[PDB]
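Only this structure's heavy atoms are used, side chains among them; waters, hydrogens and symmetry mates stay out. Start at 1 with the first residue, then count along the sequence.
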Amino acid sequence: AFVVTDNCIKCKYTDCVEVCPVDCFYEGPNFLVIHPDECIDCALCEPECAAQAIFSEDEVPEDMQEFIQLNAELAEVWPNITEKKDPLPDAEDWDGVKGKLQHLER
Ligand code: SF4
Ligand code: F3S
């Protein structure tokens, strides 16, 4: 599985979904997650994300390990998303700010 990590929050560009062959992105108000059992590890979404928030599970930074199970949990409850949409307003402002987990919306 690939995993969406902190810099997605409050950015949510959603360019990542358009290349996902198996449609395994799930949408929250201000964050996206990858369903780890649906994900086929094709890696195509990783270069598409301007926030550089996507990692293969084995390369998730030590200080973002929580996002691995968070992705698996939220993918069970959020609705699938399979089409590009406009980035969040002020996405640019939040791209690169750390610890945005504190702002995650359910
Ligand atoms: S690695 Fe491939 S299958 Fe997994 S979420 Fe990214 S684009 Fe989809
Ligand atoms: S910011 Fe989030 S919505 Fe996809 S393009 Fe990057 S993982």
Can you hop from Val4 to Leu70 via hydrophobic side chains spaced under 4.5 Å?
-> yes
Given side-chain contact (heavy atoms from CB on, under 4.5 Å), test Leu74 with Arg106 step by step and report yes or no.
-> CA-CA 9 Å; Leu74 291 170; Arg106 166 86 184 241; 4.2 Å; yes
All heavy atoms of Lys100 vs all of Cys11, minimum pair found to be NZ-SG, 3.3 Å
Step-by-step side-chain contact (heavy atoms from CB on, under 4.5 Å) determination, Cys45 to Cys20 | CA-CA 6 Å; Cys45 51; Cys20 183; 5.7 Å; no
With hydrophobic residues grouped by side-chain heavy-atom distances under 4.5 Å, do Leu32 and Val60 end up in a single group?
-> yes
Straight-line distance of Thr5 OG1 to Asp63 CG, nearest 0.5 Å | 9.0 Å
For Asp6 against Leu101, the heavy-atom pair lying closest together | OD1-N, 2.8 Å
Flag, side chain of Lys10 to backbone of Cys8, donor-acceptor distance under 3.5 Å | no
Is the backbone N or O of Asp23 less than 3.5 Å from a side-chain atom of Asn80, with the two atoms forming a donor-acceptor pair by type?
-> yes
Are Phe31 and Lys12 side-chain neighbours, meaning at least one heavy-atom pair lies under 4.5 Å?
-> no
Give a yes or no on whether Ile40 and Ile54 share a hydrophobic cluster (residues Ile, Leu, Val, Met, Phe, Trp, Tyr; joining criterion: side-chain heavy atoms under 4.5 Å apart).
-> no
Of the non-hydrogen atoms in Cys49 and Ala53, which two are nearest, and what is the gap between them?
-> SG-N, 3.5 Å
More than 12 heavy atoms of other residues, nucleotides or ligands under 6.0 Å from NZ of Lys84: is that the case?
-> yes
Measure the OG1-CD distance between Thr14 and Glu83 for me, rounded to the nearest 0.5 Å.
-> 10.0 Å
Connected hydrophobic set around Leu44, excluding itself, where side chains approach under 4.5 Å = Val19
Of all heavy-atom pairs between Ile68 and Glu57, which one has the smallest distance, and what is that distance?
-> CG2-OE2, 3.5 Å
Determine the minimum heavy-atom distance between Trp78 and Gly28, stating which atoms define it.
-> CE3-N, 3.3 Å
Measure the shortest side-chain to side-chain distance between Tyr26 and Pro79 over non-hydrogen atoms and say whether it is less than 4.5 angstrom.
-> no
Are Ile81 and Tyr13 connected in the hydrophobic side-chain network, where two residues link if heavy atoms are under 4.5 Å apart?
-> no
Are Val77 and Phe25 joined in one hydrophobic group, where the rule is that I, L, V, M, F, W and Y side chains link up if heavy atoms are under 4.5 Å apart?
-> yes
For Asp41, does the CG atom have more than 12 heavy-atom neighbours from other residues, nucleotides or ligands under 6.0 Å away?
-> yes
Crowded around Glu18 CD? As in, over 12 foreign heavy atoms under 6.0 Å?
-> yes
Would a distance-only check, ignoring hydrogens and angles, find a side-chain to backbone donor-acceptor pair under 3.5 Å from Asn71 to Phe67?
-> yes
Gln52 atom CD, over 12 foreign heavy atoms within 6.0 Å | no
Any donor-acceptor pair under 3.5 Å from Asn30 side chain to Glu105 backbone | yes
Might you point out which heavy atoms bring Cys39 and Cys24 nearest each other, and give the distance in Å?
-> CA-SG, 3.6 Å
Check whether any side-chain N or O of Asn7 sits under 3.5 Å from a backbone N or O of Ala51 as a donor-acceptor pair, and report yes or no.
-> yes
